[PDB]
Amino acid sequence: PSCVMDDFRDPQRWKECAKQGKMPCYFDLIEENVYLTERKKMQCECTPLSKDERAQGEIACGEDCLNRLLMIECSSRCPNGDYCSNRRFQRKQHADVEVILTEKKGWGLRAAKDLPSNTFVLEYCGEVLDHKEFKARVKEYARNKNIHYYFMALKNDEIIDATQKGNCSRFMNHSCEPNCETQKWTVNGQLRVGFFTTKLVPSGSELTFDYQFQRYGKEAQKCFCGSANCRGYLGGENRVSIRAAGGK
């Protein structure tokens, strides 16, 4: 079974598909991170493209854009205005990906077209927790006997939790030999995490990243990535404390 990202926009139809096993379980689809506690909180120097350069296919704020080079997105005030290609997170310029049911990892993501190297896939959106809120969620999810975990360290005191609210990025599985990576980008002075391919991903291939998982649980989940260099377990050999996993 597989589904497209537009299938997640209709909660009633999705909930019915989920009951038949044709879609993953329902969660709250969000367009950007939601902070449980709000925290205290830049033009590039690109020369604007002329209309002829735009017509000829020149890229606005491409590889030489100072903001892009520092993993900062441009705002609406960019010298290239509407044409700026460095607003991918804000404009939801996602890769063409489908959500698929895997043999033993749960649901996952696959490329629906060939994806060039260094292509933005999706932003890892969720609820952003502080350390107190994180520990509360650790206990809740352990009490609920959850199998899948969706915590991602954003900063030392910001953990993204995509368990209850997020987007289809929450389906990207771990691989010990991955084809994607996280990148931390600044958008409106705030940090976000996106997934980007690290190589050409052929159409139909599962998209994976290396979680570098910090396991606090007593038991480690076996890794089913299938790589010749598989580490055997999500989290590797060592168990860490809850405090260490949460970034101190």
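Under this definition, the rigid core comprises the largest set of C-alpha atoms superposing within 1.5 Å between the forms. Sequential numbering from 1, following the sequence displayed.
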Handout entry: Between stretches 181 to 189 and 217 to 225, more displaced by Cα RMS in 9 other deposited structures of this protein (rigid core superposition)
Key = 217 to 225
Completion exercise
Between 103 to 111 and 128 to 136, greater root mean square CA displacement in 9 other deposited structures of this protein relative to the shown form, after rigid core superposition, belongs to 128 to 136
Handout entry: At least a third of the other entries leave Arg68 unmodelled
Key = no
Practice task
Note whether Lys41 lacks coordinates in a third or more of the other compared entries that model its flanking residues.
Solution key: yes
Practice task
Classify the number of deposited-sequence residues missing from the model between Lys41 and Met42: none, 1 to 3, 4 to 9, or 10 or more.
Solution key: 4 to 9
Problem - Stretch with the greater mean C-alpha B-factor as recorded in the entry, comparing 155 to 163 against 173 to 181 - result: 155 to 163
Fill in the blank from the handout: Between 123 to 131 and 107 to 115, the record assigns the higher mean Cα B factor to 107 to 115
Handout entry: Position of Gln221 among the chain's modelled residues by C-alpha B-factor, lowest, middle or highest third
Key = middle
Fill in the blank from the handout: The third of the chain into which the C-alpha temperature factor of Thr208 falls is the lowest
Exercise for the section: Please place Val193 in the lowest, middle or highest third of its chain by C-alpha B factor as given in the entry. Expected result: lowest
